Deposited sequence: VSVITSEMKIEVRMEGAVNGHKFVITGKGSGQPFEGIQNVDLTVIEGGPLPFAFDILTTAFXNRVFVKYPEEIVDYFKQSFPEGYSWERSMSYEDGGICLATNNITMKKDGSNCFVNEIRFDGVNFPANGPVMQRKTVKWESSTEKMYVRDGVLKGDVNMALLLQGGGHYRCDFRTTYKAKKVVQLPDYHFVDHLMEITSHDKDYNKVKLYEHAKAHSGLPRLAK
């Protein structure tokens, strides 16, 4: 039985370090689990102004916000109220690499709210690279590949940051999703994503995000 509702709140707190630079970011937002859309307003409370591209942090700021068709098992909505946690490695093509974790649960009060405890760490970003030079524009849309492995769910996605000077900067995502209770496991499937920074101040101490995500089973066998 699912306890998810159409309108739910989001509370997040991220603590981390990139190339040794420590920072803390908090935020509040809301989302529509069944429509696969969400928003969050972020505020850098420690470590600002960040010396690296804020874009590397955005996907860390919940697959429960995905419109899942009836035919596909929803690993995430089943996991609540207890919730689930995820672990992720984000390997950039120039050697830079980030690891992040998020422990998600719903508040015990009927406030329909998700609480997110996030840790984010990145290292080996070249001083003259697009991340430390803040030359990123946005993440392109993507299609995450979902598959079960040893009783848990994995999601791998080829990501790409559009650069200011044109061209792309690739990053390979490897995520492991772990429900806090036994839930039905889904067959191999996909999750399309579109996420962007809808607003931000000069130094990105204030950032607004938006994401739209939908699950599917890939292209039909027959054309048209």
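* Unmodelled ranges, which are counted on the deposited sequence from position 1 and given in order -> Unmodelled stretch: 62 only.
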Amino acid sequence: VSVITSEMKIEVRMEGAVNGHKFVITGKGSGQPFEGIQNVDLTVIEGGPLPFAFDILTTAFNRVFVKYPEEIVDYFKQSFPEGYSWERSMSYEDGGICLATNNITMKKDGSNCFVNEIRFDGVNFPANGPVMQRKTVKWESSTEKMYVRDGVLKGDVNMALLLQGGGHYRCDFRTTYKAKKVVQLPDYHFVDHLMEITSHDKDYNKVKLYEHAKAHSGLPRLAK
From here on, numbers count along this sequence of modelled residues.
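* Output the stretch having the higher mean C-alpha B factor in the entry; the candidates are 127 to 135 and 141 to 149. => Between 141 to 149 and 127 to 135, it is 127 to 135 that shows the higher mean C-alpha B-factor.
* Segment of higher mean CA temperature factor, 198 to 206 or 11 to 19 -> On average, C-alpha B-factors are higher across 198 to 206.
* To do: Report the option among 38, 158, 184, 59 whose CA atom has the maximum B-factor in the deposited record.
  => In this record, 184 carries the highest C-alpha B-factor of the candidates.
* Tell me, please, which of 55, 192, 46, 172 has the highest C-alpha B factor according to the deposited entry? => Of 55, 192, 46, 172, 46 has the highest C-alpha B-factor.
* Within this chain's modelled residues, let me know which third the CA B factor of residue 110 belongs to: lowest, middle or highest. => Answer is highest: the recorded C-alpha B-factor places it there.
* Place residue 30 in the lowest, middle or highest third of its chain's C-alpha B-factors, as listed in the PDB entry. => Highest third.
* Within-chain third of residue 71 by Cα B-factor, per the entry -> Highest third, going by the recorded CA B-factors of the chain.
* Chain thirds of CA B-factor: placement of residue 85 -> For residue 85, the deposited C-alpha B-factor lands in the middle third.
* Can you tell me which third, lowest, middle or highest, the CA B-factor of residue 78 falls into for its chain? -> Highest third, going by the recorded CA B-factors of the chain.
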